[PDB]
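Taken together, the values in this text are just the output of simple stated rules run on the coordinates, not laboratory data. When we count neighbours, we look across all protein chains shown, and the Cβ atoms used for this are built from the backbone with ideal geometry, even at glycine.
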Amino acid sequence: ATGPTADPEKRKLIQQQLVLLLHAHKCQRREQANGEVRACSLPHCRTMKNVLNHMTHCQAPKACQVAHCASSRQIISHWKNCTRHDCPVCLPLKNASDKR
Ligand SMILES: [Zn+2]
Ligand SMILES: [Zn+2]
Ligand SMILES: [Zn+2]
């Protein structure tokens, strides 16, 4: 559920979806900044980049009930609404972005 779900697979999958969505945005700009040679090899990154491009073409986002897209928009909507200084996935990402 979108609620305080405690199921461990939900924990890892939801946090990985959000982290790879942000990686897909990052890595799309990074790739576009070169436009002639690749800069990534993470197996799931290309799938999430495709899901992100779909969310850009999409018109329902959340009601676009397809597992990957509906999930993608629910996690990124959480990240958009977030108060991030003390959240279970927010705090990790904040440490994962301490420098650039
Ligand atoms: Zn990547
Ligand atoms: Zn969609
Ligand atoms: Zn959060």
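Here are some notes:
- Of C69, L22, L42, farthest towards positive along the dipole that unit charges on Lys, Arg, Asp, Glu beta carbons give the stretch 1-74: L22
- Sparsely packed trypsin sites (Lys or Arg not before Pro) within the stretch 4-75, loop by DSSP, other Cβ within 10 Å at most 14: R38, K62
- Acute angle (nearest 10 degrees) that the helix 45-57 long axis makes with the longest principal axis of the chain, alpha-carbon atoms: 80
- Per-residue [θ]222 nm for the chain (sum of -39500 (n - 2.57) over DSSP H runs n ≥ 4, rounded to 500): -19000 deg cm²/dmol
- As a ratio to 2.2 N^0.38 Å, the alpha-carbon radius of gyration computed for the chain takes the value 1.12.
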